[PDB]
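One structure is given here, and the rest of the page talks about it.
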Amino acid sequence: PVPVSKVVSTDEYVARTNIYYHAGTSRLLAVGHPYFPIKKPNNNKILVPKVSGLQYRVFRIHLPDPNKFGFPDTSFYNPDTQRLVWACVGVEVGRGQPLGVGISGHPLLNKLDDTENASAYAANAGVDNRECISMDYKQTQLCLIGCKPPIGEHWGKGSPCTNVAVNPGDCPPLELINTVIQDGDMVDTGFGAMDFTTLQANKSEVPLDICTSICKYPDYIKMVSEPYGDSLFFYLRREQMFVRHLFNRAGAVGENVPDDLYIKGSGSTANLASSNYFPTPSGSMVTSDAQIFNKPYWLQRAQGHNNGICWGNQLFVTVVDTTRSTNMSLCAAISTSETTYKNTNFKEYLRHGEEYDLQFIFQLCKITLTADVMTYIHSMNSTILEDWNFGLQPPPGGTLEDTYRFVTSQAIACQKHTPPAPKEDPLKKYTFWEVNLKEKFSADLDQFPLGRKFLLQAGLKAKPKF
Amino acid sequence: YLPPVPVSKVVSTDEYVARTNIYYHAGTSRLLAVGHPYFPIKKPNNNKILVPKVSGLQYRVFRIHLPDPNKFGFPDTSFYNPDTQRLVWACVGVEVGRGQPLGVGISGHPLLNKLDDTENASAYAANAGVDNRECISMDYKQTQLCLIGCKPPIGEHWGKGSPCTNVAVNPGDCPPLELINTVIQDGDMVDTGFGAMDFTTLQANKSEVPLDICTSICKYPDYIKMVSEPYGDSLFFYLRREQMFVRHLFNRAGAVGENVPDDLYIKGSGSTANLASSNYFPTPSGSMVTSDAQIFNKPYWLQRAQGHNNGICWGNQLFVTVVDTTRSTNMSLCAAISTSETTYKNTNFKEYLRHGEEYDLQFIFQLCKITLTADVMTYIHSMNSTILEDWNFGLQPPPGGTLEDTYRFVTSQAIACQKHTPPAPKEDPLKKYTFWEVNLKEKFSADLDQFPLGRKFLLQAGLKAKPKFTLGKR
Amino acid sequence: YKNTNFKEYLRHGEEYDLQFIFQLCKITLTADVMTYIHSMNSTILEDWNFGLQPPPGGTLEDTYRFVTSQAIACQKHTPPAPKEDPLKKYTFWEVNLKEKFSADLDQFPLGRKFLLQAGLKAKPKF
Amino acid sequence: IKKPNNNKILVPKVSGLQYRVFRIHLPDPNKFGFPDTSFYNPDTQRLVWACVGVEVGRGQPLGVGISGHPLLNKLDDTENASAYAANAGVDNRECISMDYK
Amino acid sequence: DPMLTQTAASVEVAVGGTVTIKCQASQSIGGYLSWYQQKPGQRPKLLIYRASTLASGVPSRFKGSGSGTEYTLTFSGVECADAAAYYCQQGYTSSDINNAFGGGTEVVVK
């Protein structure tokens with residue numbers, strides 16, 4: 001009758017009990033190629049996967065729902081008109097590989113000449129002026145915790161306008177596109193957050209690890225201004241980048257410079273070089289002082305209205321690390337019997353390692369369910385009551401009559417067995433890294449490395465044994 | 001959770017809108033219209049309108065956009081909770097005005113289908129010239145009206161529809177002539193003379209009446225449809241007025257299809273074995289148009305509607321239509337191609353025709369708040385869906401996002417095509433039907449002492465302590 | 001690969017966001033304050049009127065006059081606009097905020113940071 | 001970017017170096033409904049807005065731009081010169097790029 | 001193989017006439033196209049390149065247009081020294097082609 005049209009923080013309709021719980025995965029590893037996936041020459045099947053330092057890393061946390069808990073104490077809640085939900089208080093992202101950097105490049109980059117100190121004027125191009133240049137990337141570290149997946153943005157091509165006619169060779173159009181981050185998306189490398197598949201026609205602009213894929217920067221001002229605050233509870237950032245080399249573009253300039261910009265040259269300088277330039281990024285020194293990880297994060301109040309409540313019994317952790325991206329470089333001989341060194345005796349490979357840890361603390365929270373509160377949860381996300389057993393609507397049914405006993409042979413109503421297949425959930429079109437935290441819970445905090453760091457945050461040592 | 005039963009009958013507005021002492025005045029400035037009185041002139045090559053058709057026989061429906069009083073400023077002691085009650089405007093006084101001399105407005109087109117007169121004769125001649133039609137001009141009939149409603153008014157005409165597939169013998173047959181009623185635009189004409197038939201989709205010779213109503217429809221308002229609807233909407237103060245007279249008696253071409261019966265006359269001989277005509281069109285003439293009975297510049301007010309709702313204006317909107325043909329002057333204009341010739345000529349001066357009209361509107365609006373506790377909420381949504389949909393009572397969708405990116409340079413080659421290319425409604429449904437917009441978003445005034453209607457309303461009701469005793473006598 | 005096959009271009013994106021918090025203030029206009037503000041800037045006392053006992057004056061005609069057909073008579077935009085902007089020779093970015101105001105400081109992402117600093121909380125619904 | 005026939009610009013010039021000056025249009029407070037006080041008197045009072053807090057936000061990823069000229073006055077280097085310089089004829093301008101502060 | 005045919009022998013023109021020489025191409029070449037005048041006693045000599053930009057020391061009474069696959073070359077006010085040979089020529093610099101960019105003539109002007 002009095003439905004409200006405001007947004008209420010969850011400190012008003014969720015109670016906080018005393019019962020804490022600890023969880024934690026084992027450790028996460030991944031091994032493969034840093035540049036491109038390697039598949040067989042005939043089918044689509046990948047022999048090794050592509051794991052690099054630059055790609056994103058989104059973990060989803062499958063939780064078991066606490067209403068299925070059999071508590072020996074049956075007095076602190078009543079399963080008549082209450083539901084139970086988890087709330088995260090402690091987050092830890094642990095990593096263990098040693099520090100360092102990693103470089104990438106292209107066998108055929110498309111630079112004309114250096115421009116920082118030109119001795120004389122440049123010669124003409126010719127055809128096929130490609131080169132092999134490699135460089136290091138910008139330095140980036142982030143971490144976001146959320147109930148729903150991260151929401152990033154990237155520039156791309158839209159449709160041009162239908163009034164004027166286009167020709168082959170025009171400038172592509174541009175617009176902002178908001179997408180959903182998966183695992184395998186590349187980070188921005190200092191070449192801006194733009195798609196390179198539909199906007200780099202020559203396929204030889206950037207190094208090849210981001211040559212045929214979208215790089216996405218996370219949209220901050222979209223996610224904070226979203227209602228209900230379910231997109232992020234908090235975040236963290238440290239980025240640095242400076243420019244090292246300054247090259248010249250090679251390729252036809254689209255629009256010439258207007259003649260009022262420069263006094264017209266002559267002689268050997270009758271014409272112009274390519275006007276546009278592109279820089280070469282460089283990350284500075286890494287250190288163990290400017291790190292983010294291997295230290296816990298106790299949250300007191302999240303920025304949004306959701307003060308750390310896990311609807312649907314899941315949460316999403318993302319992280320991007322480039323301070324641990326050294327690619328090991330192995331090689332294997334075909335025959336060690338030789339006396340001399342011949343460079344055709346060895347093959348070369350590249351491999352990249354990656355290592356993780358995740359450790360949490362969840363608090364047990366209950367919800368009193370009044371019909372005024374029942375329409376509010378019905379309004380923000382309708383699938384919550386369907387994932388509980390509370391959404392009630394009865395169909396009576398007509399008690400339909402069964403068919404003939406013979407059924408398989410000579411039945412008149414033949415093929416009445418017909419399968420429906422509606423068994424579907426959302427979020428399953430996207431693929432990314434999952435973990436299984438269903439069987440890793442515990443109530444004893446003192447048997448775990450994070451659990452002793454939690455009690456020192458708030459006292460309450462509880463261990464009398466003598 | 002189980003809402004109570006809604007009452008099966010409709011109800012007046014006295015039970016569920018409130019009335020305060022806060023009044024406002026809103027008067028538009030001045031409205032002028034110049035063009036040609038007969039046809040909108042256009043280029044010989046294609047369609048482009050240099051002058052509009054402007055003649056004093058149109059409908060001139062107005063559309064008053066009101067300011068939304070859910071964010072509007074007031075003096076003290078006016079308070080409400082926006083989660084419980086909302087606000088709406090109600091009109092209590094209205095005026096329609098014109099400053100002009102007092103005219104006639106005759107017309108007639110040079111190809112009018114007339115054969116002879118049937119008032120006197122000496123010998124009738126069966127003539128039947130191929131197109132023997134001749135220019136005859138005529139007068140019209142004076143009419144006035146004023147209708148004030150929340151939604152536009154409704155007129156009617158007599159047209160043509162599909163008959164039953166029983167008999168089809170000839171293309172020279174007769175239509176069924178069923179009656180239909182439409183919504184009234186700005187530019188449809190009225191004649192209470194020849195009457196409400198569209199002369200285009202009914203008459204193919206298009207030479208029956210003068211040319212000011214020959215390419216369009218001559219409508220006429222209903223007064224039954226707009227009172228029989230169960231709400232009391234679309235009109236709540238009407239003032240009808242007209243006069244008429246018959247002048248002359250004529251004949252059409254005479255290609256009669258509905259023949260005369262045999263057993264009506266007696267057959268003679270010689271020249272007396274034929275038929276003269278059976279179809280007679282008379283001409284109208286408005287007479288003695290004296291300016292003491294003119295229903296204008298008189299500030300009438302409202303205490304009672306003829307319908308169920310009073311002047312409550314849902315949707316912050318209002319419609320005014322006035323019809324006048326007493327200011328129907330015509331301006332014989334002419335200009336000369338060369339002035340040096342000291343003798344006047346045939347073709348040295350060529351002439352034109354124009355027509356003009358001047359309006360002025362003034363209103364008095366009254367504030368009205370409406371409380372809503374679970375009972376009128378069921379009633380208002382069932383009255384019209386858009387009344388409840390113009391106020392948000394539902395909380396936010398799960399993605400709200402930053403409403404529209406709003407690119408800066410809207411015409412370039414950098415961005416893609418933008419700005420309302422797929423138009424999802426939210427607009428008025430009546431966009432396909434044109435009106436006269438009158439923007440009154442910030443015309444309002446809290447005080448009304450220094451306003452030309454404002455003292456006329458103030459004098460009528462009580463003015464005791466309302467004016468105030470600014471600087472005194474002694 | 002042909003070096004004459006591809007035209008090259010440059011673009012540059014830009015992003016902004018403005019958020020504000022205002023509070024209104026009231027000025028008692030006695031005889032002494034109106035001497036102060038008129039010495040500061042005289043056209044502030046023409047936003048609000050205060051200076052002219054008829055806002056017309058004796059010499060004013062009809063306040064407005066609108067010849068609406070759009071194209072046949074004396075022209076509508078050819079009269080020069082009197083209410084000139086005293087900075088209109090300078091062109092810069094145009095931002096309108098005449099309807100984005102609101103009163104609930106709990107909803108907007110700055111607004112609860114304002115209720116962090118000064119403290120307090122809204123009245124609870126449940 | 002302009003077509004050489006006309007003066008209407010095709011693509012506007014936007015760079016990350018120039019100023020940005022925003023005009024904020026506050027709506028006038030003498031037409032707004034304020035909830036519950038008999039505070040305002042139209043004779044001896046007027047209303048005006050004050051500013052308390054500002055947050056300006058940017059949302060593009062970090063990155064350093066770059067610019068130059070195809071033709072710039074540059075005779076030689078001076079950081080380290082071995083032999084003496086050569087004479088300068090006509091059209092001794094090269095292509096040098098840089099980055100700003 | 002991008003091929004420009006130019007199977008068009010020129011028509012007799014008087015002083016001040018206008019001539020429309022049309023050079024069509026099979027494959028799309030962009031705007032990269034050249035034109036030349038060949039007086040039959042000396043070296044060839046170029047007028048316009050990229051179908052719009054004329055060279056130095058050439059009057060602006062020669063015109064250039066055409067885009068995509070077909071192109072043209074018009075002018076007016078024919079002098080006495082315009083008796084020469086004309087040739088359209090593309091610049092797609094491919095490998096497996098045998099262009100020779102041939103075709104084109106011009107009569108002696110009356």
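Residues in the structure tokens are named by chain (A, B, ... in the order shown) and by number from 1 within that chain; ligands are numbered from 1 in the order shown.
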
*Name the residues of region 133-337 of chain A that fall into strand (DSSP E) according to DSSP on the backbone, using the chain letters and numbers of this document, as a PyMOL selection string.*
chain A and resi 133-136+139-146+151-156+175-180+217-218+234-240+242-249+252-253+277-282+297-298+314-321+327-328+331-333

Residue list for chain A near chain D as a ChimeraX atom specification, 10 Å, only C-alpha atoms = /A:114-122,138,153-154,188-193,216-222,239-243,245-248,255-259,262-281

Would you list which chain A residues are within 6 Å of chain C using only C-alpha atoms, as a ChimeraX atom specification? /A:127,225,251-254

Writing out the chosen residues with N, CA and C atoms as a PDB file, in the first residue's frame:
```pdb
ATOM      1  N   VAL A 127      57.428   0.115 -51.220  1.00  0.00           N
ATOM      2  CA  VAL A 127      56.437  -0.839 -50.745  1.00  0.00           C
ATOM      3  C   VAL A 127      57.119  -1.761 -49.740  1.00  0.00           C
ATOM      4  N   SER A 225      27.658   5.235 -10.223  1.00  0.00           N
ATOM      5  CA  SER A 225      26.363   5.882 -10.382  1.00  0.00           C
ATOM      6  C   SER A 225      25.233   4.907 -10.672  1.00  0.00           C
ATOM      7  N   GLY A 251      52.289   5.062 -44.126  1.00  0.00           N
ATOM      8  CA  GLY A 251      50.978   4.840 -44.705  1.00  0.00           C
ATOM      9  C   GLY A 251      50.385   6.155 -45.158  1.00  0.00           C
ATOM     10  N   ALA A 252      49.347   6.057 -45.988  1.00  0.00           N
ATOM     11  CA  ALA A 252      48.802   7.235 -46.646  1.00  0.00           C
ATOM     12  C   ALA A 252      48.049   8.100 -45.654  1.00  0.00           C
ATOM     13  N   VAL A 253      48.387   9.386 -45.624  1.00  0.00           N
ATOM     14  CA  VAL A 253      47.678  10.303 -44.755  1.00  0.00           C
ATOM     15  C   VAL A 253      46.292  10.548 -45.337  1.00  0.00           C
ATOM     16  N   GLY A 254      45.286  10.577 -44.465  1.00  0.00           N
ATOM     17  CA  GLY A 254      43.918  10.668 -44.944  1.00  0.00           C
ATOM     18  C   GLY A 254      43.578  12.054 -45.449  1.00  0.00           C
TER      19      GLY A 254
END
```

Using only C-alpha atoms, which protein or nucleic acid residues come within 9 Å of residue 363 (chain B)? Drop anything in the same chain fewer than 5 positions from it, and give the result as a ChimeraX atom specification.
/B:24-28,91-95,453

Would you put the residues from that selection into a file with N, CA and C atoms, as a PDB file, in the first residue's frame?
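The resulting file, part.pdb, is reproduced below:
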```pdb
ATOM      1  N   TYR B  24      -3.390  32.310  -9.564  1.00  0.00           N
ATOM      2  CA  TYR B  24      -2.361  32.764 -10.483  1.00  0.00           C
ATOM      3  C   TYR B  24      -3.020  33.279 -11.748  1.00  0.00           C
ATOM      4  N   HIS B  25      -2.344  34.206 -12.417  1.00  0.00           N
ATOM      5  CA  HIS B  25      -2.815  34.757 -13.677  1.00  0.00           C
ATOM      6  C   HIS B  25      -1.827  34.424 -14.781  1.00  0.00           C
ATOM      7  N   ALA B  26      -2.355  34.096 -15.956  1.00  0.00           N
ATOM      8  CA  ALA B  26      -1.535  33.738 -17.106  1.00  0.00           C
ATOM      9  C   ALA B  26      -2.208  34.282 -18.353  1.00  0.00           C
ATOM     10  N   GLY B  27      -1.581  35.264 -18.985  1.00  0.00           N
ATOM     11  CA  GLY B  27      -2.117  35.818 -20.210  1.00  0.00           C
ATOM     12  C   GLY B  27      -1.080  35.882 -21.308  1.00  0.00           C
ATOM     13  N   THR B  28      -1.412  35.355 -22.484  1.00  0.00           N
ATOM     14  CA  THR B  28      -0.490  35.431 -23.603  1.00  0.00           C
ATOM     15  C   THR B  28      -0.443  36.854 -24.148  1.00  0.00           C
ATOM     16  N   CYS B  91      -8.707  25.770 -13.827  1.00  0.00           N
ATOM     17  CA  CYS B  91      -9.062  27.089 -14.326  1.00  0.00           C
ATOM     18  C   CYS B  91     -10.400  27.528 -13.748  1.00  0.00           C
ATOM     19  N   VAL B  92     -10.496  28.811 -13.411  1.00  0.00           N
ATOM     20  CA  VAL B  92     -11.733  29.384 -12.890  1.00  0.00           C
ATOM     21  C   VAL B  92     -12.229  30.560 -13.710  1.00  0.00           C
ATOM     22  N   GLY B  93     -11.415  31.110 -14.599  1.00  0.00           N
ATOM     23  CA  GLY B  93     -11.834  32.237 -15.399  1.00  0.00           C
ATOM     24  C   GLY B  93     -11.087  32.273 -16.710  1.00  0.00           C
ATOM     25  N   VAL B  94     -11.786  32.571 -17.799  1.00  0.00           N
ATOM     26  CA  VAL B  94     -11.183  32.555 -19.122  1.00  0.00           C
ATOM     27  C   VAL B  94     -11.815  33.657 -19.968  1.00  0.00           C
ATOM     28  N   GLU B  95     -11.008  34.217 -20.865  1.00  0.00           N
ATOM     29  CA  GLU B  95     -11.389  35.299 -21.752  1.00  0.00           C
ATOM     30  C   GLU B  95     -10.835  34.981 -23.131  1.00  0.00           C
ATOM     31  N   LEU B 453      -7.021  41.632 -16.608  1.00  0.00           N
ATOM     32  CA  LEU B 453      -8.139  40.836 -16.131  1.00  0.00           C
ATOM     33  C   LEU B 453      -8.134  40.693 -14.623  1.00  0.00           C
TER      34      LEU B 453
END
```

(request) Would you kindly return, as a ChimeraX atom specification, each protein, DNA or RNA residue with an atom no farther than 10 Å from any atom of residue 148 (chain B), considering only C-alpha atoms and excluding same-chain residues fewer than 2 positions away? (result) /B:62,91,94,146,150-153,233-238,311,318-322

**Request:** Enter the distance from CA of residue 68 (chain B) to CA of residue 365 (chain B), in Å, rounded to one decimal.
**Result:**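 CA of residue 365 (chain B) lies 12.9 Å from CA of residue 68 (chain B).
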
Give me, as a ChimeraX atom specification, all polymer residues having an atom no more than 12 Å from residue 13 (chain A), counting only C-alpha atoms and skipping those fewer than 3 positions away in the same chain. /A:7-10,16,82-83,305-307,309,365-370,372-374,376-377 /C:124-126

* To do: Residues of chain C no more than 7 Å from chain D, counting only C-alpha atoms: send them over as JSON, numbers by chain.
  => {"C": [12, 15, 16, 17, 18, 19, 20, 21, 22, 23, 24, 25, 26, 27, 28, 29, 92, 93, 94, 95, 96, 97, 98]}

For N, CA, C and O atoms, I'd like the residues from the last selection saved as a PDB file, in the first residue's frame.
```pdb
ATOM      1  N   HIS C  12      40.776  11.350 -31.133  1.00  0.00           N
ATOM      2  CA  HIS C  12      41.086  11.633 -29.736  1.00  0.00           C
ATOM      3  C   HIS C  12      39.787  11.681 -28.956  1.00  0.00           C
ATOM      4  O   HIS C  12      38.903  12.476 -29.281  1.00  0.00           O
ATOM      5  N   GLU C  15      36.385  12.680 -22.003  1.00  0.00           N
ATOM      6  CA  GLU C  15      35.372  12.271 -21.044  1.00  0.00           C
ATOM      7  C   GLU C  15      35.345  13.260 -19.897  1.00  0.00           C
ATOM      8  O   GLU C  15      36.393  13.732 -19.454  1.00  0.00           O
ATOM      9  N   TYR C  16      34.147  13.573 -19.415  1.00  0.00           N
ATOM     10  CA  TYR C  16      34.015  14.475 -18.286  1.00  0.00           C
ATOM     11  C   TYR C  16      32.797  14.092 -17.468  1.00  0.00           C
ATOM     12  O   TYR C  16      31.954  13.302 -17.895  1.00  0.00           O
ATOM     13  N   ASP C  17      32.722  14.682 -16.279  1.00  0.00           N
ATOM     14  CA  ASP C  17      31.609  14.483 -15.358  1.00  0.00           C
ATOM     15  C   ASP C  17      31.670  15.610 -14.345  1.00  0.00           C
ATOM     16  O   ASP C  17      32.719  15.828 -13.734  1.00  0.00           O
ATOM     17  N   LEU C  18      30.566  16.316 -14.159  1.00  0.00           N
ATOM     18  CA  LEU C  18      30.488  17.370 -13.164  1.00  0.00           C
ATOM     19  C   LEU C  18      29.407  17.029 -12.154  1.00  0.00           C
ATOM     20  O   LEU C  18      28.298  16.646 -12.533  1.00  0.00           O
ATOM     21  N   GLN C  19      29.737  17.148 -10.872  1.00  0.00           N
ATOM     22  CA  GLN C  19      28.769  16.987  -9.799  1.00  0.00           C
ATOM     23  C   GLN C  19      28.961  18.126  -8.809  1.00  0.00           C
ATOM     24  O   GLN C  19      30.089  18.564  -8.578  1.00  0.00           O
ATOM     25  N   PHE C  20      27.865  18.616  -8.236  1.00  0.00           N
ATOM     26  CA  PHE C  20      27.909  19.783  -7.368  1.00  0.00           C
ATOM     27  C   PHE C  20      26.953  19.587  -6.203  1.00  0.00           C
ATOM     28  O   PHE C  20      26.035  18.769  -6.262  1.00  0.00           O
ATOM     29  N   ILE C  21      27.164  20.367  -5.143  1.00  0.00           N
ATOM     30  CA  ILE C  21      26.239  20.465  -4.016  1.00  0.00           C
ATOM     31  C   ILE C  21      26.004  21.938  -3.726  1.00  0.00           C
ATOM     32  O   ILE C  21      26.950  22.666  -3.414  1.00  0.00           O
ATOM     33  N   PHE C  22      24.752  22.371  -3.793  1.00  0.00           N
ATOM     34  CA  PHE C  22      24.411  23.755  -3.523  1.00  0.00           C
ATOM     35  C   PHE C  22      23.508  23.847  -2.306  1.00  0.00           C
ATOM     36  O   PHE C  22      22.814  22.893  -1.950  1.00  0.00           O
ATOM     37  N   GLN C  23      23.530  25.012  -1.663  1.00  0.00           N
ATOM     38  CA  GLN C  23      22.547  25.358  -0.648  1.00  0.00           C
ATOM     39  C   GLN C  23      22.147  26.809  -0.845  1.00  0.00           C
ATOM     40  O   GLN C  23      22.977  27.643  -1.209  1.00  0.00           O
ATOM     41  N   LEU C  24      20.870  27.105  -0.638  1.00  0.00           N
ATOM     42  CA  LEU C  24      20.397  28.445  -0.933  1.00  0.00           C
ATOM     43  C   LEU C  24      20.565  29.355   0.274  1.00  0.00           C
ATOM     44  O   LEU C  24      20.659  28.908   1.418  1.00  0.00           O
ATOM     45  N   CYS C  25      20.622  30.654  -0.004  1.00  0.00           N
ATOM     46  CA  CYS C  25      20.812  31.671   1.014  1.00  0.00           C
ATOM     47  C   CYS C  25      19.867  32.829   0.738  1.00  0.00           C
ATOM     48  O   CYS C  25      19.543  33.114  -0.417  1.00  0.00           O
ATOM     49  N   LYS C  26      19.427  33.504   1.799  1.00  0.00           N
ATOM     50  CA  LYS C  26      18.494  34.611   1.656  1.00  0.00           C
ATOM     51  C   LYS C  26      19.101  35.907   2.172  1.00  0.00           C
ATOM     52  O   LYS C  26      19.771  35.925   3.209  1.00  0.00           O
ATOM     53  N   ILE C  27      18.853  36.987   1.434  1.00  0.00           N
ATOM     54  CA  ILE C  27      19.439  38.298   1.682  1.00  0.00           C
ATOM     55  C   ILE C  27      18.323  39.258   2.053  1.00  0.00           C
ATOM     56  O   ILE C  27      17.395  39.464   1.265  1.00  0.00           O
ATOM     57  N   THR C  28      18.423  39.868   3.230  1.00  0.00           N
ATOM     58  CA  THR C  28      17.472  40.902   3.615  1.00  0.00           C
ATOM     59  C   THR C  28      17.899  42.223   2.993  1.00  0.00           C
ATOM     60  O   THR C  28      18.967  42.748   3.319  1.00  0.00           O
ATOM     61  N   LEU C  29      17.071  42.764   2.105  1.00  0.00           N
ATOM     62  CA  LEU C  29      17.429  43.946   1.325  1.00  0.00           C
ATOM     63  C   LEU C  29      16.867  45.183   2.015  1.00  0.00           C
ATOM     64  O   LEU C  29      15.785  45.664   1.687  1.00  0.00           O
ATOM     65  N   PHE C  92      32.396  29.361 -25.484  1.00  0.00           N
ATOM     66  CA  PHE C  92      32.916  28.260 -24.686  1.00  0.00           C
ATOM     67  C   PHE C  92      31.799  27.263 -24.402  1.00  0.00           C
ATOM     68  O   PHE C  92      30.669  27.425 -24.867  1.00  0.00           O
ATOM     69  N   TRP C  93      32.140  26.213 -23.642  1.00  0.00           N
ATOM     70  CA  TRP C  93      31.283  25.035 -23.518  1.00  0.00           C
ATOM     71  C   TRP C  93      30.009  25.367 -22.752  1.00  0.00           C
ATOM     72  O   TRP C  93      30.048  25.980 -21.684  1.00  0.00           O
ATOM     73  N   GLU C  94      28.886  24.947 -23.317  1.00  0.00           N
ATOM     74  CA  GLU C  94      27.554  25.317 -22.871  1.00  0.00           C
ATOM     75  C   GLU C  94      26.926  24.136 -22.138  1.00  0.00           C
ATOM     76  O   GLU C  94      26.729  23.071 -22.730  1.00  0.00           O
ATOM     77  N   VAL C  95      26.611  24.324 -20.858  1.00  0.00           N
ATOM     78  CA  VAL C  95      26.081  23.262 -20.008  1.00  0.00           C
ATOM     79  C   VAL C  95      24.833  23.781 -19.304  1.00  0.00           C
ATOM     80  O   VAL C  95      24.877  24.827 -18.648  1.00  0.00           O
ATOM     81  N   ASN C  96      23.726  23.057 -19.445  1.00  0.00           N
ATOM     82  CA  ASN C  96      22.449  23.437 -18.855  1.00  0.00           C
ATOM     83  C   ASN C  96      22.134  22.518 -17.685  1.00  0.00           C
ATOM     84  O   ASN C  96      22.222  21.294 -17.815  1.00  0.00           O
ATOM     85  N   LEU C  97      21.748  23.107 -16.555  1.00  0.00           N
ATOM     86  CA  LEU C  97      21.425  22.349 -15.352  1.00  0.00           C
ATOM     87  C   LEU C  97      20.101  22.792 -14.751  1.00  0.00           C
ATOM     88  O   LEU C  97      19.875  22.611 -13.554  1.00  0.00           O
ATOM     89  N   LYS C  98      19.208  23.358 -15.556  1.00  0.00           N
ATOM     90  CA  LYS C  98      18.002  23.983 -15.019  1.00  0.00           C
ATOM     91  C   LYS C  98      16.918  22.990 -14.628  1.00  0.00           C
ATOM     92  O   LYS C  98      15.850  23.416 -14.181  1.00  0.00           O
TER      93      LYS C  98
END
```

For the interface of chain E with chain A (cut-off 9 Å, counting only C-alpha atoms), please tabulate each contacting residue of chain E alongside its nearest pair of atoms and their separation in Å to one decimal, rows sorted by chain and increasing number, as JSON lines.
```
{"residue": "E:30", "atom": "CA", "partner": "A:169", "partner_atom": "CA", "distance": 8.2}
{"residue": "E:68", "atom": "CA", "partner": "A:167", "partner_atom": "CA", "distance": 8.5}
{"residue": "E:93", "atom": "CA", "partner": "A:127", "partner_atom": "CA", "distance": 8.9}
```

Could I get the residues of chain B with an atom no further than 10 Å from an atom of chain D, each paired with its nearest atom pair and that distance in Å to one decimal, using only C-alpha atoms, sorted by chain and residue number, as JSON lines?
```
{"residue": "B:69", "atom": "CA", "partner": "D:33", "partner_atom": "CA", "distance": 8.7}
{"residue": "B:70", "atom": "CA", "partner": "D:33", "partner_atom": "CA", "distance": 7.9}
{"residue": "B:71", "atom": "CA", "partner": "D:33", "partner_atom": "CA", "distance": 5.7}
{"residue": "B:72", "atom": "CA", "partner": "D:32", "partner_atom": "CA", "distance": 4.9}
{"residue": "B:73", "atom": "CA", "partner": "D:32", "partner_atom": "CA", "distance": 3.9}
{"residue": "B:74", "atom": "CA", "partner": "D:33", "partner_atom": "CA", "distance": 6.2}
{"residue": "B:75", "atom": "CA", "partner": "D:40", "partner_atom": "CA", "distance": 7.2}
{"residue": "B:76", "atom": "CA", "partner": "D:38", "partner_atom": "CA", "distance": 4.7}
{"residue": "B:77", "atom": "CA", "partner": "D:38", "partner_atom": "CA", "distance": 5.9}
{"residue": "B:78", "atom": "CA", "partner": "D:36", "partner_atom": "CA", "distance": 8.1}
{"residue": "B:79", "atom": "CA", "partner": "D:36", "partner_atom": "CA", "distance": 5.9}
{"residue": "B:80", "atom": "CA", "partner": "D:35", "partner_atom": "CA", "distance": 6.9}
{"residue": "B:81", "atom": "CA", "partner": "D:35", "partner_atom": "CA", "distance": 7.6}
{"residue": "B:82", "atom": "CA", "partner": "D:35", "partner_atom": "CA", "distance": 8.9}
{"residue": "B:409", "atom": "CA", "partner": "D:12", "partner_atom": "CA", "distance": 7.7}
{"residue": "B:411", "atom": "CA", "partner": "D:10", "partner_atom": "CA", "distance": 8.3}
{"residue": "B:412", "atom": "CA", "partner": "D:11", "partner_atom": "CA", "distance": 5.5}
{"residue": "B:413", "atom": "CA", "partner": "D:11", "partner_atom": "CA", "distance": 6.1}
{"residue": "B:414", "atom": "CA", "partner": "D:11", "partner_atom": "CA", "distance": 6.7}
{"residue": "B:415", "atom": "CA", "partner": "D:11", "partner_atom": "CA", "distance": 9.7}
{"residue": "B:442", "atom": "CA", "partner": "D:31", "partner_atom": "CA", "distance": 9.2}
```
